[PDB]
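The chain that follows stands alone, in the form deposited in one PDB entry, written as structure tokens.
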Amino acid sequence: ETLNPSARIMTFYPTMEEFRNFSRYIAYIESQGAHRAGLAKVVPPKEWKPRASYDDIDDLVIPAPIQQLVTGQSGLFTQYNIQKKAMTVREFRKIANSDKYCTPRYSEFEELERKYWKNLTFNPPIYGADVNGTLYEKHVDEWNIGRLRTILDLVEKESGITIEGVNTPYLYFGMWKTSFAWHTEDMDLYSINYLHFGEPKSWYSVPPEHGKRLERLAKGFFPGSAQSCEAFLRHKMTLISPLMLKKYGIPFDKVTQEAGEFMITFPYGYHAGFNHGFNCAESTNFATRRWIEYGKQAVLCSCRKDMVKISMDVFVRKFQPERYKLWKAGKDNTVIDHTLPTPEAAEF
């Protein structure tokens, strides 16, 4: 409980030498207590760039843009997705920067944040989300979201299963007021998010050690949804204002991600946020040894069946051989300490 005791969102500025080993640097920031906030920012070296120029993706296709309809009141909302026809990045950007959809004028972030929560349910925006692809140049070896080199790859490499968006990269083309609802990652994995260009992306995060409190709140406020899946928040449709969190004593922090910056989310870190205007982000999941225990206890959506589900078997057999027999029987009653860093952090 001694590292990052206030559990506030931390920001890191790795040197080029520190930057080169991804898994090692994650181990480092966890040794600093970064994981306790559920979310961390990493600012890459000035020298580092994922791609020389972004003026050649104009014809990139967004096959399934989503119009985000939001209904609700008193800081509690549900988001409904309407799939729109395919469109190109040009067409998206022109719509995004049009007077109908562009960022309103404002002075400070808190003003814009207020505008977001006041106008969430009006003028439904369009989000170019979940686009399969990468904007990295193929020769970039540092923090390449396409090939992060973590133990998550045991899913693809050993068992030959590709899960789109999970061990493959996703692109997100945002515009003003496009939202991502409160969620942890599938199987309570880590996620990494790089903002390639454009207006900022703002984030809310709840410390993993208080994630159960957010779940109780959500269940209380959406009792119908709670009855259908135990894990209805995994639907990613649930929006809850910071005013409501504050009212019910749920600790959280806020951070704004700027172009050229990484965000890292940690296992069982609930997060949500919105885009300030036209931008493009790239995202995927990854794992560390610490994640394995979260994966084994992750509570999954029960109402759908096509939901992302990863067999933990290969991970327990490889990294926890001494409890594999116990776990297969279902007698593994390990309790997770959310304040503990990943073992790989010992050297720090």
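All residue numbers are counted from 1 along the displayed sequence.
Omitted here: the form solved in complex with a partner chain. The next part is about that form.
From the list 209-217, 78-86, 249-257, 109-117, the contact stretch for the partner chain in the deposited complex under a 4.5 Å heavy atom rule is 78-86. Taking the partner from elsewhere, residue 66 is found to have a heavy atom lying within 4.5 Å of the partner chain in the deposited complex. Not displayed here, the partner chain is kept clear of residue 31 by more than 4.5 Å at the level of heavy atoms in the deposited complex.
Put simply, residue 198 is far from the partner chain in the deposited complex: not one heavy atom of it is within 4.5 Å. In the deposited complex, at least one heavy atom of residue 310 sits within 4.5 Å of the partner chain. Taking a 4.5 Å heavy atom cutoff to the partner chain in the deposited complex, the contact residue among 226, 166, 148, 244 is 166.
When the partner chain is considered in the deposited complex, only one residue from 143, 92, 170, 262 comes within 4.5 Å through any heavy atom, namely 170. Taken together, the three residues 129, 186 and 306 all lie with some non-hydrogen atom within 4.5 angstroms of the partner chain in the deposited complex.
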